[PDB]
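This is the structure I have questions about; it appears just below.
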Amino acid sequence: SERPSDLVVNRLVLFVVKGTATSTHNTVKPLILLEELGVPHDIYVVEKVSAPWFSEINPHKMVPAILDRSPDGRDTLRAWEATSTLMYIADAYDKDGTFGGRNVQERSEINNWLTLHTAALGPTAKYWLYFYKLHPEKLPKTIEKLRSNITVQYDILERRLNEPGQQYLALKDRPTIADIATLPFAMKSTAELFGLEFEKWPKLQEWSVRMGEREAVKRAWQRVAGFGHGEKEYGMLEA
Amino acid sequence: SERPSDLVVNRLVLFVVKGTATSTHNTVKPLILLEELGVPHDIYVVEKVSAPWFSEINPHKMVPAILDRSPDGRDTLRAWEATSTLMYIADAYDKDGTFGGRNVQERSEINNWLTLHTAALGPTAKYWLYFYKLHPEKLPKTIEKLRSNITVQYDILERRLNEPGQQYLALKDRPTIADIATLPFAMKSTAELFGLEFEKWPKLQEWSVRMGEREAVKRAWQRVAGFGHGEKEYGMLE
């Protein structure tokens, strides 16, 4: 379980895999927040998440994961699970609470809508994709029930965004880590993958377009697609 | 929607349902942290989580949920989703970060092991229980794959608790909201429900017992079992 020669932690390192339509919807989450805050970071493209050295970073053996220097720069720390990477980046780099929440009131709603995604739509979408593509046997009654549960989550988000002045999920005024966490599983392209007509949730669709127009979000989607298709296929990408 | 006349927010209100074997595994989580920190609170036993007035508090229409006064008293705050209720209580009441984490390094590990439960074991256990008991049709291949996924999660927790000096999931020295979130789904009674032999994860079983011996945890289990079975069946308890 020796670390590859090219893995060093001089700044925040974000672990990703080769970019595909179905490999980027969790890794893009911390990348959006890094781009929003302009955090200096490296990208490490993992060839095999099953590799022992990677399990020492993330024992759940998935991307995204982060290695970073401690605030005083003496030690190294780690974040894994997409929602945990958002919480870490906000803690370490969002001192103004622009995306993390400035007070107990803001953080109460951010944590409600962030946790709703982490517990409900996120894992439901993950199980849908697993049974749809990865499970050796096709289980259509299971796939259909998971698809049905996704529409129930879209219904909750739609109700929220129909509330007066509610331009984003947590706060009225600005997007937060709750919006960043939800976006990849609540946009037209992902809805079409699930076999859903996204137009049935108009305020949710409008919200997805508004999030999509943010320069940091555009930069994140642009970059995450390219990782592992460049000059260097695997390992630490050239800064 | 108009609230019941007995629903007033003079302090933290924890929304629960009548105590049964199958109704307490999520509501016990915020109650453990309230007992650990000695947070003043009220208990509201919800008769119907389908009630329109309740969906104004939690749009996911489940317990636990919280109403509380904002620190400055200007707003009524809400928390819903079991993990969010832990985050809220920690934010509002855990001044020293005893359960929430005192520094960026502590919080990085607490949030890792808390989110593992929120995203992996929690929803996996929920889907196992749904397909096992609630789904009109029995889908054994789905139930078996979910049961398998539970054993993989126990394997991860076992690995962690085998690391030198790692007495708790997040921190070596003390339990955190990560441990509180995990306990209800990683103890002998729950393992037995899943048809698993909990002895096959010895360090995880030792950890569950260590958590279980805490006075706050004992009080929380006792109280959550009893809600709705005292003087009052539904509404604000006295």
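Letters go in sequence order (proteins before strands), and every chain restarts at 1. The basis for the numbers below is simple: all heavy atoms, side chains too, and nothing from hydrogens, waters or symmetry mates.
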Item to complete: Inspect the surroundings of CZ in A:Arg69 and state if more than 12 heavy atoms from other residues, nucleotides or ligands are less than 6.0 Å away.
Response: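 For A:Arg69, atom CZ is not crowded (no more than 12 foreign heavy atoms under 6.0 Å).
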Which atom pairs, one a donor and one an acceptor, fall under 3.5 Å between side chains of residues 80-87 of chain A and the rest of the protein, sequence neighbours left out?
residue: A:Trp80; atom: NE1; partner: A:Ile57; partner atom: O; Å: 3.4
residue: A:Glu81; atom: OE2; partner: A:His60; partner atom: ND1; Å: 2.8
residue: A:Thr83; atom: OG1; partner: A:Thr118; partner atom: OG1; Å: 2.7
residue: A:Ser84; atom: OG; partner: B:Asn112; partner atom: N; Å: 3.3
residue: A:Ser84; atom: OG; partner: B:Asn112; partner atom: OD1; Å: 2.7
residue: A:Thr85; atom: OG1; partner: A:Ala82; partner atom: O; Å: 2.5

Practice prompt. Of all the heavy-atom pairs spanning B:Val104 and A:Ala92, show the shortest one and how long it is.
Written response: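 Smallest heavy-atom distance, with atoms named: CG1-CB, 4.4 Å.
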Worksheet entry | Listed once per pair and sorted, the ring pair (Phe, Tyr, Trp, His ring centres under 6.0 Å) pairs that draw on residues 186-214 of chain A, sequence neighbours left out |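 Sorted pair list: A:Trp128-A:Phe194, A:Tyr154-A:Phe198, A:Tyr154-A:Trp201.
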Worksheet item: Atom CE of B:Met62 and atom OG of B:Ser55: how far apart are they, to the nearest 0.5 Å?
Response: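 The distance works out to 13.0 Å.
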Worksheet item: Under the salt bridge (charged side-chain N to carboxylate O under 4.0 Å, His left out) test, which residues partner A:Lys48, sequence neighbours left out?
Response: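 Checked A:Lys48 against salt bridge (charged side-chain N to carboxylate O under 4.0 Å, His left out); zero matches.
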Worksheet entry | For the student: nearest non-hydrogen atoms of A:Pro64 and A:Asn58, plus distance |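 It is O-ND2, 4.4 Å.
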Practice prompt. Just grab all the ring pair (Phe, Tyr, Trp, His ring centres under 6.0 Å) pairs involving residues 216-239 of chain A, residues at least two apart or on different chains.
Written response: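 Qualifying pairs: A:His25-A:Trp221.
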Item to complete: Quickly, which of A:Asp42, A:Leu67, A:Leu34 forms a side chain to side chain contact (heavy atoms under 4.5 Å, CB included) with A:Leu12? Name it, please.
Response: A:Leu34
Practice prompt. Flag the pair A:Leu121 / A:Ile150 as yes when at least one side-chain heavy-atom distance between them is below 4.5 Å, and no otherwise.
Written response: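 Of all side-chain heavy-atom pairs linking A:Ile150 with A:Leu121, at least one is under 4.5 Å.
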Discussion item. Return the CG to CZ distance between A:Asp68 and A:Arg78, rounded to the nearest 0.5 Å.
Written reply: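 So the CG of A:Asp68 and the CZ of A:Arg78 are separated by 14.0 Å.
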Worksheet item: Can you name the residues that form a salt bridge (charged side-chain N to carboxylate O under 4.0 Å, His left out) with A:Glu158, not counting sequence neighbours?
Response: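 By the salt bridge (charged side-chain N to carboxylate O under 4.0 Å, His left out) rule, A:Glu158 matches no residue at all.
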Item to complete: Sequence neighbours left out, what passes side-chain hydrogen bond (donor to acceptor under 3.5 Å, both in side chains) with A:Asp91? Give chain and number order.
Response: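 If we apply the side-chain hydrogen bond (donor to acceptor under 3.5 Å, both in side chains) test to A:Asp91, skipping adjacent residues, the hits are B:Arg107.
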Worksheet item: Taking C-beta and beyond as the side chain, do A:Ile66 and A:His41 meet within less than 4.5 Å on heavy atoms?
Response: no
Discussion item. A side-chain contact here means heavy atoms from C-beta on lying under 4.5 Å apart; do A:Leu14 and A:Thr27 qualify?
Written reply: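 Sidechains of A:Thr27 and A:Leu14: no contact.
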Practice prompt. Among residues two or more places apart or on two chains, list those pairs meeting salt bridge (charged side-chain N to carboxylate O under 4.0 Å, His left out) that have a residue in residues 221-235 of chain A.
Written response: A:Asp6-A:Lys232, A:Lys18-A:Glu233, A:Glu35-A:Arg223
Worksheet item: More than 12 non-hydrogen atoms from neighbouring residues, nucleotides or ligands closer than 6.0 Å to OH on A:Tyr130, yes or no?
Response: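 Yes, the 6.0 Å shell around OH holds more than 12 heavy atoms from other groups.
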Fill in: Derivation and outcome, side chain to side chain contact (heavy atoms under 4.5 Å, CB included), residues A:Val63 and A:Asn26
CA-CA 7 Å; A:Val63 292; A:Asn26 281 322; over 6 Å; no
Practice prompt. Examine distances only and state if a side-chain atom of A:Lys218 and a backbone atom of A:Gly212 form a donor-acceptor pair shorter than 3.5 Å.
Written response: no
Worksheet item: Do any N or O atoms from the side chain of A:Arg210 and from the backbone of A:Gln167 form a donor-acceptor pair under 3.5 angstrom?
Response: yes
Worksheet item: Do A:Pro4 and A:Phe54 touch side chain to side chain, with heavy atoms closer than 4.5 Å?
Response: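 A side-chain contact under 4.5 Å is absent here.
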Discussion item. Is the shortest side-chain heavy-atom distance between B:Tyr168 and B:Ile110 below 4.5 Å?
Written reply: no
Worksheet entry | Min side-chain heavy-atom separation A:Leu193-A:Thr22 under 4.5 Å | yes
Discussion item. Within this structure, what is the CD-CD distance for the pair A:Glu197 and A:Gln205, rounded to the nearest 0.5 Å?
Written reply: 11.0 Å
Worksheet item: Going through the checks in order, is the side chain to side chain contact (heavy atoms under 4.5 Å, CB included) test met by A:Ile32 and A:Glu36?
Response: CA-CA 6 Å; A:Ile32 287 165; A:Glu36 290 281 15; 4.1 Å; yes
Worksheet item: Can you name the salt bridge (charged side-chain N to carboxylate O under 4.0 Å, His left out) partners of A:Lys200, sequence neighbours left out?
Response: none
Discussion item. Give me the atom names and distance for the closest heavy-atom approach of B:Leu183 to B:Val217.
Written reply: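 Smallest heavy-atom distance, with atoms named: CD2-CG1, 3.8 Å.
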Fill in: Note, A:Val8 side chain near A:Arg3 side chain (heavy atom, < 4.5 Å)
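No; the side chains remain at least 4.5 Å from each other.
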Response to the item:
CD (A:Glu106) and CG (A:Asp173) are apart, to the nearest 0.5 Å, by 6.0 Å
Worksheet entry | Straight-line distance of A:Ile89 CD1 to A:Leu33 CG, nearest 0.5 Å |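 Spacing of CD1 (A:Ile89) from CG (A:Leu33) equals 5.0 Å.
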Discussion item. Run the side chain to side chain contact (heavy atoms under 4.5 Å, CB included) test against B:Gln166 and tell me which residues pass, sequence neighbours left out.
Written reply: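 Checked B:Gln166 against side chain to side chain contact (heavy atoms under 4.5 Å, CB included); matches are B:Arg160, B:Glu163, B:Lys172.
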Worksheet item: What is the ring orientation for A:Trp53 with A:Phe15, classed by angle as parallel under 30°, tilted 30 to 60°, or perpendicular over 60°?
Response: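 Plane angle between 30° and 60°, so tilted.
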Worksheet item: Can you list the residues that meet the side chain to side chain contact (heavy atoms under 4.5 Å, CB included) rule with B:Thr142, with sequence neighbours excluded?
Response: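 With sequence neighbours excluded, B:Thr142 shows a side chain to side chain contact (heavy atoms under 4.5 Å, CB included) to A:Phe131, A:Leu139, A:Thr142, B:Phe131, B:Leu139, B:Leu146, given in chain and number order.
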Worksheet entry | Residue pair A:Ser70 / A:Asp72: nearest heavy atoms and the distance that separates them |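 Shortest heavy-atom separation between A:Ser70 and A:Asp72 comes out as OG-OD1, 2.9 Å.
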Practice prompt. Please report the C-alpha distance between A:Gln153 and A:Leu116 in whole Å, then the side-chain angles of each, then the deciding distance to 0.1 Å, and finally whether the side chain to side chain contact (heavy atoms under 4.5 Å, CB included) criterion is met.
Written response: CA-CA 9 Å; A:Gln153 289 308 304; A:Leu116 178 62; 3.6 Å; yes
Fill in: Residues which pass side chain to side chain contact (heavy atoms under 4.5 Å, CB included) with A:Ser1, listed by chain and number, not counting sequence neighbours
A:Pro52, A:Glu56
Worksheet entry | Heavy-atom pair of closest approach, residues A:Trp113 and B:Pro59 |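 Residues A:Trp113 and B:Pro59, closest heavy atoms: CH2-CG, 4.0 Å.
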Worksheet item: Do the side chains of A:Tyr44 and A:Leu7 get nearer than 4.5 Å, heavy atoms only?
Response: yes
Worksheet item: Under 3.5 Å, is there a donor-acceptor pair between the A:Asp96 and A:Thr98 side chains?
Response: no
Discussion item. Using 0.5 Å steps for rounding, measure from the CG atom of A:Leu134 to the OH atom of A:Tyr127.
Written reply: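 So the gap between those two atoms works out to 12.5 Å.
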Worksheet item: By salt bridge (charged side-chain N to carboxylate O under 4.0 Å, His left out), which residues pair with A:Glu199, not counting sequence neighbours?
Response: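 Checked A:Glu199 against salt bridge (charged side-chain N to carboxylate O under 4.0 Å, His left out); matches are A:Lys188.
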Item to complete: Report yes or no: do A:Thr176 and A:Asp179 form a side-chain donor-acceptor pair below 3.5 Å?
Response: yes
Worksheet entry | Electrostatic pair A:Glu144:A:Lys141 at N-O distance under 4.0 angstrom |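 Result for this pair is no, no salt bridge flagged.
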Item to complete: Please report the shortest heavy-atom distance between B:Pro184 and B:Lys29, naming the atom on each side.
Response: CG-CE, 3.9 Å
